[PDB]
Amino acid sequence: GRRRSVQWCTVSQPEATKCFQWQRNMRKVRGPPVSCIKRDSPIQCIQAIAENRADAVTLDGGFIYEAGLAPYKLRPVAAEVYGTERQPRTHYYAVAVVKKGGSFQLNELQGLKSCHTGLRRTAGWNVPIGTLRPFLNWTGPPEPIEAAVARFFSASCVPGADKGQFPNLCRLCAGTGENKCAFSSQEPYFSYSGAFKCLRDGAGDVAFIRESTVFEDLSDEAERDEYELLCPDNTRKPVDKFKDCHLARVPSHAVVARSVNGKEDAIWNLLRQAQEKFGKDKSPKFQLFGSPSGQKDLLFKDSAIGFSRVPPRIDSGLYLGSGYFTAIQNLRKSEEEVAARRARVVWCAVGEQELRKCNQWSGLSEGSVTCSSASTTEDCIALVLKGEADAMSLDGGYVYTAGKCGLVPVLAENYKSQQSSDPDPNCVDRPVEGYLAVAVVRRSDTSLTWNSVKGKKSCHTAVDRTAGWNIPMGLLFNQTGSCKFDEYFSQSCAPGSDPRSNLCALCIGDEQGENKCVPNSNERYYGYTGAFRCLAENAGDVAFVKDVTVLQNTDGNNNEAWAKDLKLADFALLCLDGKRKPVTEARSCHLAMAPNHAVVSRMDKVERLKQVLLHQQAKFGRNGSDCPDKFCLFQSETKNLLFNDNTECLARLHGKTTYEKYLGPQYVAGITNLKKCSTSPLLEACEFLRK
């Protein structure tokens, strides 16, 4: 009984009052119901919801962070939309408003008077204090950052600060008696409009608010030109040029709920209806996004125009975005701890074997490389978005997903070039030449042809990888038009698929027989090597891999049991012309050319990453000083851990620094078409964030 009634948590009396009106109008029109829980602060509401005593609460970005921590672990389910109907946006701008007359710039605020929306709020605290840090001369913890702020500004109103401990921080506040410097409407200088009033009254010199506040609060535009903006370029521009004069671009306030049984569906149901019925000018009897005269921003932001549903994959960290998320965390760190983390590279391992190899690397990196890890490649990408990881080597298929998530290629895996040169001295600058995606079959099955491969059993490296999937399936899809990929072959092993599907049938999990179809090295049939073993052991009739995979796994080149006797002659390639050729003629018999695997990272990490990786490969690379004496980066024994084992070196992108430029027009077009049939949650997640 999850759709009984949505319990909305309020943090004040008139909030409870408006909520009660909401409740009657919803019943007043036979809509999805809602009940009103009373608390006295955002924190109490987060707690309430966490322990199943409330369902939903709207929070500022700064309290979205708080709410997502343990033990609470809540998540944004719906985002407030701002702007207009023509140009809606799920973000706003933290700005610094001043009076037109003074002549100080943002970098000249020492000894001045500041008005803040509230402690720990996005526009009122996290952004401005983050921006002003270099000027703060804060020695770091354990001295609380507040103390440095109390010394920087001669006096401010920061609602919710400990006036006893940080009295300067509560000085300008206007609250009366116990309501002085309170985190609520009782304090007239609380929130966006309060902080703007704090400035208007002349109490403060600067107000840290959002871009709209000045337009919501001043009707006549003559008064609006009495105010100015401080730009981070230490210039002053009019209040209409916020797009070119802001301290940060930040994610809209959002409705949070539990991550488990939070009644997300019921919640979104109520919201959509509430919005349609009581949205902007839908009915005068009730206004979802309006507050009574002396009130502002009750339940939701006034002048919001609706909500947008937050895709399921997104948690508090993903929602906040890498910039803002790590900026908040940084506020409790010293400038040396922050600089150390900026200098180190956190790799993301996929599965315990990669982590294992990663740690070995870590121990020998002299503080430059550390390790993170997850069980899928998509979870790792997510970690990179959240900043708890920095980099990894990816197949071209995942470079697409990474690129649509904002990530970028930095270096590429360079493989034994087309018999061009010796162990190349200039490997690092040799442009990549791609590798060959092929279809391998057993020599004995003399009947198997490209034309007759449909309906047979298939072995793939994984879903969404270049050679194992995007290229074969793209070819098959371009014939028929069916998005029913699990109907192309009788059975397959295609890790990353639905375990109950026929695409998982041939998979065999780990030695114990667990982790079947898991898209990581624990699955014995995962990857280049695994998809070939899938064929050698006669599980499928065709393995979609690259040609060197066969070379590397036969003729005693792999002394592992399943392969120790495999001869290159026992296998053949399928040509698209319907012919079949020996593996050695792959250049004249392959499905397509695949772009090299590449290391991807956040834009902020590119330069550091490049320097570290170059250095590290000079030590542990192919001709690394410490390889093979100590450690080799590109070795693992046909297991392709972290990097392909046949990597010659990591090479320069030669200007192809975007996924589109790196993957190529045709390939990107190919995957985009494939993706009409189905996209991942990560992909849905990132499209929401990109908007």
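When you see a residue number, it is the position in the sequence shown, counting from 1.
- On average the C-alpha atoms of 445-453 have higher B-factors than those of the other stretch, with 345-353 and 445-453 being the two compared.
- Averaged over CA atoms, B-factors in the entry run higher in 507-515 than in the other of 507-515 and 373-381.
- Across 329, 139, 414, 212, the entry's maximum B-factor at the CA atom is seen for 139.
- For the set 404, 500, 605, 75, the maximum C-alpha B-factor listed in the entry falls on 500.
- Per-chain ranking of the deposited C-alpha B factor places residue 431 in the highest third.
- The deposited CA B-factor of residue 563 belongs to the highest third of values across its chain.
- The PDB entry assigns residue 110 a C-alpha temperature factor belonging to the middle third of its chain's modelled residues.
- In the deposited entry, the Cα temperature factor of residue 218 sits in the top third of values across the chain's modelled residues.
- Among all modelled residues in its chain, residue 660 ranks in the middle third by Cα B-factor.
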